[PDB]
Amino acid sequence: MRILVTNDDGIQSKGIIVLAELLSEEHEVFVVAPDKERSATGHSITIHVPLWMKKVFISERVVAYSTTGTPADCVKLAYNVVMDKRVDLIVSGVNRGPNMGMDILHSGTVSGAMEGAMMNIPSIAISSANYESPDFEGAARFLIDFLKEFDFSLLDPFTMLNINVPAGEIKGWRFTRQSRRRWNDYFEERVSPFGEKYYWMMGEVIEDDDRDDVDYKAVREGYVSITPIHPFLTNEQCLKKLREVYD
């Protein structure tokens, strides 16, 4: 397969390097990633200014470039100016840290894969669920094994797989639904040298999902969480009720 590999931690992250190398053992791998820290950038794109690319070195057989854009920008550039519009699979990661629940909306890792979904290209976002002690090779190894056991015809149009791999011992994997895991954010106030106050964003996690098949619960149990997600945010149930009340 012609695979495009990107991430949000920069082309110099161990997470993307390990992943790119392993996939190159049996696939035509191309790497187009950000040249800096792009975490928490969500699905932002660059349209007001020019985008720049730089050919870098990852390992022979692997064509790589760094860009001044976001993960989503990287996928757009890779598709049109690097891969001749021929991409069989996109893998964004391996991210250092989990991307579950509502946090996926501000996730740069997920955004890369989601841009692929928007372009209707099979895409996967993969994250190592332990920021403090990530396991990049383990997550990449899981992906290799997963590909040999996953039927992409079952991945609907415009859909991607958001994968979270537990750092410890993998007991297995489960197809999950996105949880409503979110945060009760708050700010710590401080004062600058020039007397102006500033704020640091902090927060306490909220894990109150009642369903057992949600992402974080599987990861918590030592299972890889695999959620099929797509760029369609319509709340169907709400729309149906709204249409019943308003004619």
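From 1 onward, residues are counted along the sequence shown.
In this crystal structure, the stretch out of 188-196 and 41-49 whose C-alpha atoms carry the higher mean B factor is 188-196.
For the pair 222-230 and 7-15, the mean Cα B-factor is higher in 7-15.
The PDB entry assigns the greatest CA B-factor among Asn164, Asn95, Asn130, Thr159 to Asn130.
Annotation for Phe57: CA B-factor lies in the highest third of the chain's modelled residues. Among all modelled residues in its chain, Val75 ranks in the lowest third by Cα B-factor.
The PDB entry assigns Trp183 a C-alpha temperature factor belonging to the middle third of its chain's modelled residues. Placement of the Cα temperature factor of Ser24 within the chain: highest third of the modelled residues, per the deposited record.
Sort the chain's modelled residues by C-alpha temperature factor and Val82 lands in the highest third, per the entry.
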